[PDB]
Every structure is written in structure tokens, then in C-alpha cells.
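Worksheet for the structure shown next.
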Amino acid sequence: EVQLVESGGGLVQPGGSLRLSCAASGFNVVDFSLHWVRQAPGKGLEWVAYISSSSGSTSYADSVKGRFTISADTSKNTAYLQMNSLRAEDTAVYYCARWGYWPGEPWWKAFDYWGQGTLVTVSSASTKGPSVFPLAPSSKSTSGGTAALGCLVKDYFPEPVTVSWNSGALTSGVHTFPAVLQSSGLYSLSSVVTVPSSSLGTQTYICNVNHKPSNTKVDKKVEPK
Amino acid sequence: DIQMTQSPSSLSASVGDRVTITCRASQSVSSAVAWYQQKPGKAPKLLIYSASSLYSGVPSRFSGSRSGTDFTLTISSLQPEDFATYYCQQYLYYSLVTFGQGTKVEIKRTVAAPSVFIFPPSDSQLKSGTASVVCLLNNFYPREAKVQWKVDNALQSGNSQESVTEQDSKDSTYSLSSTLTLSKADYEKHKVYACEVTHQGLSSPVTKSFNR
Amino acid sequence: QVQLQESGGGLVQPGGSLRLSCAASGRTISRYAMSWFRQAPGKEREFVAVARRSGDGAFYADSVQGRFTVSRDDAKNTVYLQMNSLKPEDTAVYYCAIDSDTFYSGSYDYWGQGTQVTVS
Amino acid sequence: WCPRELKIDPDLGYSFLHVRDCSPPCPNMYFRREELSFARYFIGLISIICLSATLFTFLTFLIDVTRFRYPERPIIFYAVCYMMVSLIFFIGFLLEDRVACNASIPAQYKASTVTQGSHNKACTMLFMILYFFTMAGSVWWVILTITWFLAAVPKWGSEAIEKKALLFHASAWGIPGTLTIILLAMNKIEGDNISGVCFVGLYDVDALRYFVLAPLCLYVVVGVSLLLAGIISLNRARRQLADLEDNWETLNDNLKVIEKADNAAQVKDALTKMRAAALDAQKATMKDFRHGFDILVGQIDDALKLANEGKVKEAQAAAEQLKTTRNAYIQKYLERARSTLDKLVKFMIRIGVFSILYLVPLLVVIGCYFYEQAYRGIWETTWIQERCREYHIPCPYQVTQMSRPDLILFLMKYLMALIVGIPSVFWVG
């Protein structure tokens, strides 16, 4: 079956350079045009590049003009995209799409087959471990009813961190939050859980955070005040 | 240059309903628009091309229509799997591809007011020196809510950040956290801190306060 | 400088259907959203429903879902709230309201007076 | 049910009021004497001017036999048919009741009555001409709608309709001819007294039910259906030619905009409207007339790829090669289409005016025929109830339901059945 595989994403510094690769299985790049479309985190799709391997008809968007470069190889059936002097707003997930040629249905069919798409981010700061802090519920905050426990993790890079409650024992009524970028360029996240009365279960609630690139295992305790 | 204005920036439709999404082209782009489906975390899959033709593989629920410079996607039946983001693309040429802003089709639900809570900082923060106060809204269906921070009835701007979860699986609800960060030199200024929430399910804004 | 008037209701026998209207003067409501709220003794100031503009739809509460319907016409500047299966515990006054934020934050700045309703 | 003053010897076909050997009276059916005189004078007054106008139309035909081509030739057979109709209806006024009436005889104690049957009377010939040419005129209007259809959907000229003229005459004198021989075979000829002619569907309910009113209703349905089909097929092919003209003029004007322009920006901003116009023009449309737009779009593609690479004069040289492709395939197709689609506009306007000026009298005649169809039993019952003592027949038992029909309705029916010949003059002069 015809398919596309993207590779090359990772952490890069501002002003750096990166080369993404899109490999095709099935069709040939000489019979189809290959496009790159980027999606910023929390935003919509915008077209960033395209290539026609039949003759070479490269053109880009106005946001990346004079800053990106696209090419293709027919021997390895691949398309490469190179970015030099990356700005901080170029962090996105990049998707590889296939578009046919005039005339007929192949052109009228738009981007038909899309790759998995790989994520590139602009690393303003190097890696560091998360700091796990408690969010102590107030004693008078709905005494005898449902009260919220929580752990706030701050100042961790890169993005993927996993927060678990009692090694996954409590899963009902939990809410982990999508991480946000601070003004310092660092990541923050909060995890909350609502438990009813019972002196909050009279057990030491724990937050086990997993941050693999910093290989941290901070299993913190949260207690009422 | 050619701009596609996709009007209903967020739709809320239930199972089996009929969904209409519109897209307006600035220029007189011919019947070359494509409607795309994107599930959260994956790549777009083509639904409709040439403004009328269904793709080989997509169900016959989807259909497209063109009226001059207006383009419409109609989903006759809304299966639970058809809850994704839908995009409008004009393709007049390879180098002119401009997308729409996108419509997030969410699940309609009975409106519930948020259960707001506020957390004071910790001793670990004052050992660190960066005070963070968090105020969370729990289980409110319409996402259009807001929260303001009061420091002795004073408004603060630019120092609060909001994080909102996507719609849940069981109850199809939301959860939001507003975090305000101060330095300790900026912490003991005034004595009380309040977070007030306004939501369409709440008549009067609900305030949660704590003194220092 | 803007006012909103409400009508309908009164002393209604149980099980019936009504149609309570609400019309605003002093400002066009082609770019705003209205809402209906309920105030009862014991449990004060409950929420009923919200009507948006033409692009969006209409949203309802939990104890009123399915048995109500909210509609809106912008030429005459009127919004309608409908009743069905009116169980007689709704001995409460009904309030129309208008949102003061175009981004639907629900900020209520022009409430009105509220039409009283008595069932049984 | 028939008095001694109204009884005839048998086996002559006389059938009035569903009883053998009876016939309606000649001078008075239920109207006044002065009212009948005024109605007869009014019929003669319209008849003389109708004969004059229709004879003017036939003289206009006679001054040049090839003046009207076959897309509009059936209007002159329409004119001659309705000139014979008006001539018969004027003969009715001139001859009063000397033809479509039997004579009285005091010695036999019989009264003047309606001729109904063969006998040896010119009323047979009058029925032949009147019914034949009325049905023929209606069928000729149907044929005119057919000829407009042949000039609308399977677009023909004044040659292909000529090659079907023998079959057209065969129909337009065959359905009226066969219907006339059927009605003469079944002995359903009757006689007027108001006007002075002979016709079918006057004192028999079924003859007016499905041998006069039903054929005219079928003709109207067929004609309106064919007219609406022509209108839809002409205004689909008009607006689909209108947008293709708009797509082509926004391509030709923009090609001039490109040619006398500068900079690397407006060459792209103008060519991007060319490509959008070319794709929509391809959708309108034969295989060579879609492959041509296919190679034009690719020619815009070759011009647009040079413009993106910041080459301005090469886009001028690439766009100027579109002029050869336009002349080689289209641009003679438009003024040939705008002529065949604007003589058809004016033909459609004339046939619409003719239809809206002829159908309304025809629809009035259909309505009055329906009115005479409905209340036949009530009218005859009122006749019997009012005319009982002087005819010595037993009076009706019950159900009076007094209803004397109005002179206005029947005079309208005799009025709009003759003004239909006036509609030719508008096309003649």
C-alpha cells in the first residue's frame, strides 16, 4: 500500500538548522508532487513547502521565503526539507502530503495520502528536571464533601512528562492538564483529583512524575493543611 | 493571498444530527476546494475533493456543495467517530494553498456550572522563592468561561496563564486551571487574593479568596 | 441606556405549555446572546438556558433538557422560551438576560425585572 | 317526457332528455326574445370583424406564399382554420334559424325544433366544417408548440421541420378528421339556436364531456408542457452560455491586463484569475471542446510557474501563446451561439405573447364548458319545473333547486371561441 514516512524531528536551538525526510513507498516521486504542511501547537494548518520532482518547480510560503529549502531524490524515493536560522515561532508538527499532476482526477484529488508527521520545537533552554509542588486543599474548602488534591510540576524540558496518582490506583475523577509554555520558555503542568470526605482517604496521596529525558523519578507527597 | 473564511469556529452537535460547515473564498476560486478531517494527534485524511466528490473510502454521510464563492460541507448523520477537526482548503494552484481556521465539532451536553477551587502556595515555593496560586474550574460544559484575579479588588493582566483540557470521554466535560505567578518581593503586597469566575451557567461571578 | 422587557407566564395549571417572550430596546441584538434563568425560594437563582446568534445554537440545563426549546428572531428583536411537561415544582420566577461580551463569557450587566410564574 | 307539440316520427336519430323521438324547441330554450336577439346581433358583430381580420391575415399569406417559414408557418393554418370558424359563426347570424332548426307545421301540431341527425340538411356540412376546423386550429397550435420544441431542445432550422411537414399535416387533419368521422358515425350532431350553427356537445352531456372539453384540455396540457420544456431548456442554454461568456470575457480582458502590466506581483494576481476562469469554463461545455480547455489550463500553469520564479517577460511570452489557442478552438463558437440563442429570444417572446393572448380565451372557453358540464341535470330540472303546464307533461316530484343560467356565461363562451382568430393579426402585422 502507498505510504509516507517522516523522520528527522527533535530539539533544536533558536537559529539552528534541521533536515526532515519524507520517504515514499508505492508510488514514485516522479509521478506526484510532495508538499509539506505545518501545524503549530494549538493552531491550524498552513502550507510551508512543495516540490515537483518531474522538473523542479519549488516555491514556498511568504513566512518562510528565503529561509527554507526543499529537495528530492528519486534514487531513494525521498523528499528533504532543510531549515536554516529557525525562529522561535517555527515550532510545529510537519506533515508530508502527496498531490497529483494536471490533468484529470490526480490533480483534482487534493493531498491524498498524509504521513505520520514529525514534531520540531525550538529549544530556548536546555534540559532540566521538573519541580513537583503540592496544592494543599483548604480545611474549610467543602469540609465533609468533595475536595481537590493536586500536584503542580514546573520548570521541566522537554515536553513529555507523565503524572500518576498512587501508581495508577486512583483514575476516576482525575484531570491532567495540557502543558503550557511559560514566559521563561519552560514548561508547567498541573494534575488535580477530586476525592470525597473521609479525611481525604486518610492516606498519603502521592504524585509520581516520569520525565524520561531528565531521567527523574520524583514521587512527591501531598498533605492537607 | 486568497483567504478562506470558515465561519462556525466551533460547532456542538450530538449523535445522528446534521452538520453544516461553510467556507467563503475571497477570489473566484473554481470548484477546487477540499474538506479534511483531522483527529487529535494524527494527520489529516481527505474527505471531499472538487467541492462535490466523495473520496473512495469515506462514508456517504459526508457531502459537499458549491454556490459561487461559498463552499459547504454537510454531514447528514453524525457517528461518534465523526468528532474531529474539519478544515477547508482552496487549491487553485500548487503555490496558492491556503487553509481555513478550522471547526472543532464537539459533543453537545447539558450545561453545568464549574466547581471552582483555589489553592494557596506552599512552603516549598517560599523556599524556592516563586509563588504560584492556582484556581481551577472543574466539569463545565461550555468552554466559554473566564476568570479574573483580584489583589485587594485590583485587576492583574499578563501574569495569569490558562490551561484547558480537551473534552472528556465519560462525561464529555472540561477542566481549566488558571495559574498566577509572582515573585516573593511581589507576593506580600496586599493580603488577600481572589479568583472570580464568570460562566454562562453562572448568574453572578463566583469568587474564591484566601488571605495571607 | 439599554432596557429589556419580558412577558408571559402567570398562574398556570400543571402539565401545560407556555411561550415566554423577551424583547430588548436601546441596542441591536444581532451580535449578542441572551439567556433565561430561574429563581426559586429555597434554591435561589438557578440557570435554565442560553440562546446564541444564528451561527451558533442553543444550550440547555440538566433539569430542563429536552422539555424546553429556545428560539430567536432578530427582525422584531425577540427571543422565545417554550415549556413542555411543566411539573408543578417550578414555582419560580423567570428572568431574561443579555450577555455583555461578544465572546460569550456570560457577563450579565442588564438583567431587568423578571416575570413571576406560579404553577398550582 | 315529450309533448305532442314536440314529438317526431322514429328511427331518425332524435334523442333529447335521454328519451327517443324528442328534440329541444328552436326559438326559445330558456332565454328572453330580446335577449336572444341581442346575443345574435352581438355574435354577428364579433363575427364580421373576426372574418375581416382573419381574411386580412390570409391575404397577407396570399401576397407571399414563402413569407413565413415552417418554424412559424403553422400560424397561417391557424389563421385559415379560425377564418372558417368565424365564417361559419357569421353564417349562423346571417341565416338566423333557417338552417339549424326544423320548421313548424300547424297541421301536424308540431313546433320548430332542433335538427339532430342526418336527414337531408346542410347542418351536417356545418358541423363538419366547424368541428373540423376548431379541432384543427387547436392541433395547429399544439404543432406550433412542437415546432418550437424542435427549435429548442433538438435545435433544428427551417429545413428539418419541412421534412416532417407531411406527418404534421397528417396529424393536424387526422385527429380532427378521425374525431369528426367518429362523431358523424355515432349520430351525435346537434344544433344551436342562440347563434345559428351546428356543433357537438350542446344538448348531450357526454359529447361535451369527453369529445370537446377533454381533447381541448389535453391539447392545452400538451402545449403548456412543451412550452415549459422549451423555456427551461432555453434558459438553462442561455445562462450556461451567459456564464461561459462571462468566464471568457474575464479571461480575455485579464489577458490584456497581463500584456500591458509590469512588476512580478500583478502578473501572478492576474493569471490566478485566468486559471480560476478556465476551470469553470471547462465545466460548462464536445471531447475536443473540453480537451482544449485542458491544454489551456496547463498553458496557464506554464505561465504561472515562470511568474513565481521572478521572471516577468517570460510570463508575457507565455501568456501571449494563449491567443492562438482561443482562436483555434473557440471565439467563433460564441457569436454563432449568441445568434442561434438572439433570434430564439425574440421567437420565444413572440410565441409567449401569442400563447398568453390565445390561451386565455381558450381557458375561458374551457371554464364555460366545465360550467355547462357540471349543472346539466339542475338546468334541465328547472326547465321541466318551470315549463310544465303548457307542455302537459307531469311536473317533477321534488328537488326544485331554481337556477336559470346566465346569458353572460354563454355569451362569454361564444365570445372567446371566436376572438381566438384575432391572435394571428399580431404576428401578421
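We label chains A, B, ... in the order they appear in the C-alpha cells, count residues from 1 in each chain, and number ligands from 1 in the order shown.
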
(request) Find the residues in chain B near chain C: any atom within 9 Å counts, using only C-alpha atoms. Write them as a ChimeraX atom specification. (result) /B:7-8,10-12,108-113,142,144-146,198-205

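Those residues that approach residue 70 in chain C to within 7 Å, counting only C-alpha atoms, are residues 51, 58, 80, 81 and 82 of chain C; same-chain residues fewer than 5 positions away are not listed.
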
When you look at residue 371 in chain D with a cut-off of 12 Å (counting only C-alpha atoms), what residues show up, excluding the ones that are within fewer than 4 positions of it in the same chain? I need them as a short mmCIF file (atom, residue, chain, number, x, y, z; two decimals) with C-alpha atoms, in the first residue's frame.
data_model
loop_
_atom_site.label_atom_id
_atom_site.label_comp_id
_atom_site.auth_asym_id
_atom_site.auth_seq_id
_atom_site.Cartn_x
_atom_site.Cartn_y
_atom_site.Cartn_z
CA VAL D 205 -73.67 15.80 -21.67
CA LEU D 208 -69.25 17.93 -24.33
CA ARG D 209 -67.68 15.84 -21.56
CA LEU D 213 -63.68 19.57 -23.46
CA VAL D 364 -62.27 30.86 -20.65
CA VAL D 365 -63.95 28.55 -23.18
CA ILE D 366 -62.70 25.53 -21.20
CA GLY D 367 -64.10 27.04 -18.00
CA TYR D 375 -75.05 21.73 -13.83
CA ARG D 376 -76.83 19.92 -16.67
CA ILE D 378 -80.17 21.04 -12.41
CA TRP D 379 -80.74 23.17 -15.51
CA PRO D 405 -78.23 30.05 -16.31
CA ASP D 406 -76.88 33.49 -17.07
CA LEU D 409 -71.56 32.87 -19.28
CA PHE D 410 -72.80 31.52 -22.62
CA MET D 412 -68.54 34.62 -22.96
CA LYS D 413 -68.26 31.07 -24.30
#

(request) Show me which bits of chain D are within 9 Å of chain A, counting only C-alpha atoms, as a list in words. (result) residues 294, 295, 297, 298, 305, 308 and 309 of chain D

(request) Assign secondary structure with DSSP using the backbone only, and return the residues of range 4-222 of chain A in strand (DSSP E or B) as JSON, numbers by chain. (result) {"A": [4, 5, 6, 7, 11, 12, 18, 19, 20, 21, 22, 23, 24, 25, 33, 34, 35, 36, 37, 38, 39, 45, 46, 47, 48, 49, 50, 51, 52, 59, 60, 68, 69, 70, 71, 72, 73, 78, 79, 80, 81, 82, 83, 92, 93, 94, 95, 96, 97, 98, 99, 114, 118, 119, 120, 121, 122, 128, 131, 132, 133, 134, 146, 147, 148, 149, 150, 151, 152, 153, 154, 155, 156, 157, 162, 163, 164, 165, 174, 175, 176, 180, 181, 187, 188, 189, 190, 191, 192, 193, 194, 195, 196, 205, 206, 207, 208, 209, 210, 211, 216, 219, 220, 221, 222]}

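One finds CA of residue 16 in chain B at 16.7 Å from CA of residue 58 in chain B.
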